[PDB]
Amino acid sequence: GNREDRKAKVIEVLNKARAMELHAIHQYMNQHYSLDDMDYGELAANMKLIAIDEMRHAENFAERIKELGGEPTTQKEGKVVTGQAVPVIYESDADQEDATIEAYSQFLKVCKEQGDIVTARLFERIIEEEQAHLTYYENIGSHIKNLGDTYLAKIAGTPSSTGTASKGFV
Amino acid sequence: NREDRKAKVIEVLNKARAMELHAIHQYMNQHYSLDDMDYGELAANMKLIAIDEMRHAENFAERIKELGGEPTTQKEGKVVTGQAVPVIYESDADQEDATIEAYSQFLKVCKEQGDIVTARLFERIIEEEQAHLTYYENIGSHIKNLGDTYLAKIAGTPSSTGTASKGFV
Amino acid sequence: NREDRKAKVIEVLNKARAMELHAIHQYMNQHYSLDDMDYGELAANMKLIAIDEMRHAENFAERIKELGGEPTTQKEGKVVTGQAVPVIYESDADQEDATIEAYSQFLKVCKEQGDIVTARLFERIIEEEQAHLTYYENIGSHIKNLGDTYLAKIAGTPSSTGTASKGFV
Amino acid sequence: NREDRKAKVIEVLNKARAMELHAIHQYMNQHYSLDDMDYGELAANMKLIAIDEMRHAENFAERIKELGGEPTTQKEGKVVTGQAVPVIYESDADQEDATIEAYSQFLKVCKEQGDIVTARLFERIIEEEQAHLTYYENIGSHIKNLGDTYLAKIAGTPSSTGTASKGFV
Amino acid sequence: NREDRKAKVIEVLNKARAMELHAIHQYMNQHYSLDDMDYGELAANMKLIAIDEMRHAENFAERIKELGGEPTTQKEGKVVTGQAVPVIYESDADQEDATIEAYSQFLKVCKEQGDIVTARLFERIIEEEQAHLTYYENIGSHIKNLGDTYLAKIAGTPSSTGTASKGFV
Amino acid sequence: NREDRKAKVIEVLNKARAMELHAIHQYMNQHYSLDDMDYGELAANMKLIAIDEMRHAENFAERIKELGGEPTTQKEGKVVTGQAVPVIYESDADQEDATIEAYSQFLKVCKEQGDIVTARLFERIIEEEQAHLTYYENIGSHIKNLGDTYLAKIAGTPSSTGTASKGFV
Ligand code: FEC
Ligand code: FEC
Ligand code: FEC
Ligand SMILES: [Fe+2]
Ligand SMILES: [Fe+2]
Ligand SMILES: [Fe+2]
Ligand SMILES: [Fe+2]
Ligand SMILES: [Fe+2]
Ligand SMILES: [Fe+2]
Ligand SMILES: [Fe+2]
Ligand SMILES: [Fe+2]
Ligand SMILES: [Fe+2]
Ligand SMILES: [Fe+2]
Ligand SMILES: [Fe+2]
Ligand SMILES: [Fe+2]
């Protein structure tokens, strides 16, 4: 289609992806608070670090949406599942990252269809980061499945720090 | 006694966290606009304040967990988009003021319920909200009183908030 | 005057009765939750104490009739739903304590009105409420000091309160 | 969807439960009067029918819990007091007849929402309401057709409903 | 058509029977593992539910024979092995829920084909499946909320389901 | 070695269990027909023998678990349906004979693998299969020698195998 139409179709998949990120941020941070509460430090820490990757994805999608003339969404897609036990956390996050990669690859095809190279490349890079998340989650899930409590005993009491504090305003 | 007290504090903690979640999205939205407008300094500071609200959201969640509750994932209120520069600063000062007002009452509940740790948490965050309020009031005043000469000075400034986010990848 | 002495005692009996009707709904509400949760012995004793409150309600009504009045059908206050197990026992203890205080005052009115039979009725029921209070305090103390290890013991226990309600059908 | 079908059944379950709570209070009110009038066998059967409704109210509440809902604690409508013996059996019949009509409709909703278990629960309770209906129409007919000649035979009969309520104390 | 009405019902009867054959092997597989882990009460009840499934399979076959059909000997789906304890009670609950959904559809086919006797069979068995579902949910809830503290209680319990097989030798 | 000795025995145990699963379905299929034909004593005894096979399948499964294995859920071969009464008893005699042959080879492996306990399990079960074999040969002999005169005697006889199999519901 025309210039405006081309931007609009891409703005639409960008807002769908971004809404998926917003969901991931809250879901992963929800699991983070639980892991932290259970005092599984290394697990709690990497979960937050992955939530921060999703915050960056959300921001990148937003910045591209503005560059195309659109308005970045503020609504998350789907609802957050709370109270998941450890094995459910890792099995569900693996499923969610898989679904994400599936959807983002369809979104990339749309960008290519609309002749938007820059946005297509954005999705490409982010899909590669989602793959890292998927592999991480699959591996934790696999050890939980195969090694049970004996694997968890080693994470118990480990540091949970994600580094120096959030460069903020105050 | 104890059980009732805990439940009442968890309720105000979640109300506050819900307000933090609103603020994160509202400020980041305005941050995208300022960046798009290329007012770097305003863009940068708006995001840094958004990261303060993220840390508030997280401190509330952690206290909620310590008290046996579940931290909410829904924001309070709707995000307003398309605000022009004068409206951004007038509204944000209004939001910060209202936030301090509500948190002050939340604080009071914590004291009535005998929860000193949660009261101290609110106290600390309220002091950080006062800093946000003052910042927004100040930008608002210079936009009211000086416009362009002031905005031309912000035009083209760096919008970097420092080194990139420690993440997983 | 005989009629005013009766009117005055019927008044406190209906207040008491309304409190019983509340307690029936409140404790049975909790019973449905404990059953759902499959905490058998706890569900069963909760319902057994509710049945005590039904009996109280019944005895208050029969004395009211004896005095020429009309037993009320409205419960005092409202029932709290969705209470978690720690809150169930803390609040139920609270409620029994408040009942004994209330009833201790109603008994005073009876004596003041020269009604020995109603006064003895309140005295007999008050001792039963003491038994309810001690029970709830005891469970409350176990859930506080032992938490999930105590509940693990109750998990899956029988929830029978004996033979089913003899009824009409 | 699954949650929509459960919510719709919970709604008609809560309506029915509110009708049961009302029947419990209405019929026990009459029981207090019949006992006061010293018509023991009428009073005893009235209380046994109220206990049937208590058991219906409990069954509905348990099924509501199984479906994830919250059982109501509010009765439907208002309790009429001070009814005379002819009015008692005339209105109890009307009420039983109206409950069977409503429950037949509630049953239809369960089926529409594909809830077999709840349909059979309504089905079984309707057959018990029918036994209540028949009892009230029969007593009502004797009071209307025979009056005092018939009541003379009930005067001073036993009112016991058997061994008293297993309770907590 | 008389023959076609029977044919359609026999088809849903064979489909339900195939689900029953599956449940039998799936539950007994988990029974062998729970016994292997020496959680007697859980192993025992798991095997008692399997035996309920054997009886449903048998009742379906008998109705199929009455209708002139041939009872299937293939199970629907495959058995999952090596499940961990939380997975056992999560899947069985899911499987009981799915069974109820289907049997209610099967019931509708019988009514449409005007087979009252078969519909009534499905109705009764659906009530039994609901008792199974409730059981699995309760165990999975205790494993979820109490973990090993609950299992410690079960460890080393008797696994007896009673007197042995009334068989031929 | 120890594991390989266990693995070889698990293999013949699972082969035996697959044969039991087949006999259960094969014999119950014939039980369904015999009942439909209303030859009760024959239908009763066929079901009783299938319950014996159920027990064998269970003992094999239990032994497999003891050796670290997974009990198979797949049956050996196919169920033949629609067999005439004479074919039923000739084939089952033939099936029992072959099982004893196979079982006797399986016992050998146990001994070669140094597994005394599993060899003794096969030994006790082989004695039961011989009881089954004699039974089936006896009936085939009456059908061959006496035909319809034998069946006239069994027609309308009781088919019960006892009170229902105690289950969960
Ligand atoms: C971008 C973006 C969004 C999307 C908002 C939108 O509406 O577009 C975004 C959204 C969220 C939201 C929700 C939450 C709240 C989640 C919850 O509590 O459930 C949420 C929570 C946090 N983020 Fe977040 N954010 N965010 C960054 C960017 C974005 N953030 C950058 C950058 C940093 C910088 C990290 C640093 O260096 O300290 C960063 C850090 C945090 C920390 C870590 C703070 C600490 O440990 O001190 C927490 C907690
Ligand atoms: C269930 C349930 C409810 C509904 C509460 C809810 O919110 O779901 C429930 C509600 C009430 C309410 C009001 C009253 C008060 C009636 C009035 O005074 O108007 C009320 C009254 C009575 N109930 Fe009650 N019910 N109910 C049982 C179950 C429930 N009942 C079971 C079971 C038994 C067992 C029968 C026995 O063995 O005595 C039992 C017995 C009684 C007796 C008999 C005491 C005695 O004779 O010693 C009286 C009076
Ligand atoms: C063990 C075992 C298996 C193998 C499953 C596995 O994968 O390990 C086993 C498998 C099967 C299978 C198929 C069927 C279905 C037959 C068919 O319809 O083809 C099958 C069918 C039945 N079993 Fe069964 N089972 N099972 C016992 C043990 C085992 N069961 C025990 C124990 C009892 C207990 C009876 C008692 O003494 O009370 C018993 C009884 C029955 C009854 C009798 C019901 C009644 O008369 O009420 C029927 C029908
Ligand atoms: Fe992402
Ligand atoms: Fe991701
Ligand atoms: Fe804040
Ligand atoms: Fe602020
Ligand atoms: Fe009481
Ligand atoms: Fe009490
Ligand atoms: Fe009723
Ligand atoms: Fe009724
Ligand atoms: Fe079944
Ligand atoms: Fe079942
Ligand atoms: Fe066998
Ligand atoms: Fe055999």
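Quick notes
- For D:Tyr39, the conditions (1) within 12 Å of chain C (Cβ to nearest Cβ); (2) within 24 Å of D:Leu133 (Cα to Cα); (3) among the hydroxyl-bearing types (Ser, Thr, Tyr) are fulfilled apart from (1).
- Summed over the stretch C:140-169, the residues that are more than 18 Å from E:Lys144 (Cα to Cα) and either in contact (Cβ under 8 Å) with a residue 60 or more places away in the chain or within 7 Å of another protein chain (Cβ to nearest Cβ) (or both) give a count of 10.
- Flag if E:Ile51 is farther than 18 Å from F:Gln26 by Cα and within 15 Å of the chain's Cα centre (by Cα): yes
- Meets criteria (farther than 19 Å from D:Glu20 by Cβ, surrounded by fewer than 21 Cβ atoms within 10 Å (Cβ to Cβ) and more than 10 Å from every other protein chain (Cβ to nearest Cβ)) for C:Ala84: no
- Residue check, B:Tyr103 of a type in the set (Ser, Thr, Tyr), within 17 Å of the chain's Cα centre (by Cα), away from ligand 8 (no atom under 16 Å from the Cβ) and more than 12 Å from every other protein chain (Cβ to nearest Cβ): yes
Yes/no per residue for (1) closer than 30 Å to B:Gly147 by Cβ; (2) surrounded by fewer than 19 Cβ atoms within 10 Å (Cβ to Cβ); (3) touching a helix residue (DSSP H, G or I) at 6+ places or on another chain (Cβ under 6 Å):
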| position | (1), (2), (3) |
| --- | --- |
| B:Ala43 | yes, no, yes |
| B:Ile51 | yes, no, no |
| B:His56 | no, no, yes |
| B:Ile64 | no, no, yes |
| B:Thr72 | no, no, yes |
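- Total residues in the stretch C:112-156, condition β-branched (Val, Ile, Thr) and within 20 Å of the chain's Cα centre (by Cα): 5
- Take the conditions (1) over 25 Å from C:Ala131 (Cβ atoms); (2) of a type in the set (S, T, N, Q); (3) under 12 Å from the mean Cα position of the chain (by Cα); C:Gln26 misses just one of them, which is (1).
- Residue in the stretch F:140-156 that is touching a helix residue (DSSP H, G or I) at 6+ places or on another chain (Cβ under 8 Å) and within 16 Å of ligand 3 (Cβ to nearest atom) present: no
- Residue match in the stretch E:7-17 (condition: buried (at least 23 other Cβ atoms within 10 Å of the Cβ), of a type in the set (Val, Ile, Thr) and either within 20 Å of F:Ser165 (Cβ to Cβ) or touching a strand residue (DSSP E or B) at 6+ places or on another chain (Cβ under 8 Å) (or both)): no
- For F:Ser165: the one exception among (1) within 16 Å of ligand 13 (Cβ to nearest atom); (2) buried (at least 19 other Cβ atoms within 10 Å of the Cβ); (3) polar (S, T, N, Q): (2)
- Check on A:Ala85, free of Cβ contacts under 8 Å to residues at least 40 places away in the same chain, touching a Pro at 6+ places or on another chain (Cβ under 9 Å) and closer than 21 Å to A:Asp149 by Cβ: yes
- Of all residues in the stretch A:55-89, those satisfying the criterion of being within 30 Å of A:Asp5 (Cβ to Cβ) and assigned to a helix (DSSP H, G or I) are A:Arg56, A:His57, A:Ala58, A:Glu59, A:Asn60, A:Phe61, A:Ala62, A:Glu63, A:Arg64, A:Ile65, A:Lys66, A:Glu67.
- Across the stretch A:1-52, the qualifying residues are those that are basic (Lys, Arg) and more than 25 Å from A:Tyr151 (Cβ to Cβ), and the one among them that is surrounded by the most Cβ atoms within 10 Å (Cβ to Cβ) is A:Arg18.
- Exclusive hit being in contact with a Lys or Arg (Cβ under 6 Å, 6 or more places away or on another chain), among the β-branched types (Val, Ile, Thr), touching a residue at least 12 places away in the same chain (Cβ under 8 Å) and more than 10 Å from chain B (Cβ to nearest Cβ), set A:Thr119, A:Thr158, A:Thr100: A:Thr119
- Each residue in the stretch E:129-145 was checked for being acidic (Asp, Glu), over 14 Å from C:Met37 (Cα atoms) and surrounded by fewer than 21 Cβ atoms within 10 Å (Cβ to Cβ), and 0 pass.
- Residues within the stretch B:93-142 that are over 22 Å from B:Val9 (Cβ atoms) and touching a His at 6+ places or on another chain (Cβ under 8 Å), tallied: 1
- Residue match in the stretch A:12-24 (condition: among the polar types (S, T, N, Q) and in a helix (DSSP H, G or I)): yes
- Any hit, the stretch E:60-79, residues being within 19 Å of E:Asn14 (Cβ to Cβ), small (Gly, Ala, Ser) and more than 18 Å from the chain's Cα centre (by Cα): yes
- Residue among C:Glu137, C:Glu96, C:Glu66 that is within 30 Å of C:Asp4 (Cβ to Cβ) and of a type in the set (D, E, K, R): C:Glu66
- The stretch A:36-51, subset under 23 Å from B:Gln74 (Cβ atoms) and without any contact (Cβ under 8 Å) to a residue 60 or more places away in the chain, residue nearest to the other protein chains (Cβ to nearest Cβ): A:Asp37
- Selection status of F:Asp148, away from ligand 8 (no atom under 16 Å from the Cβ) and exposed (fewer than 12 other Cβ atoms within 10 Å of the Cβ): yes
- Subset of the stretch C:58-87 [under 24 Å from C:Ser165 (Cα atoms), touching a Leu at 6+ places or on another chain (Cβ under 6 Å) and either of a type in the set (A, V, I, L, M, F, W, C) or free of Cβ contacts under 8 Å to residues at least 12 places away in the same chain (or both)]: C:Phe60
Where a number appears in this text, it was derived from the coordinates with a stated rule and is not lab data. Every residue, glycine among them, receives a Cβ derived from its backbone with ideal geometry; neighbour counts consider all protein chains shown.
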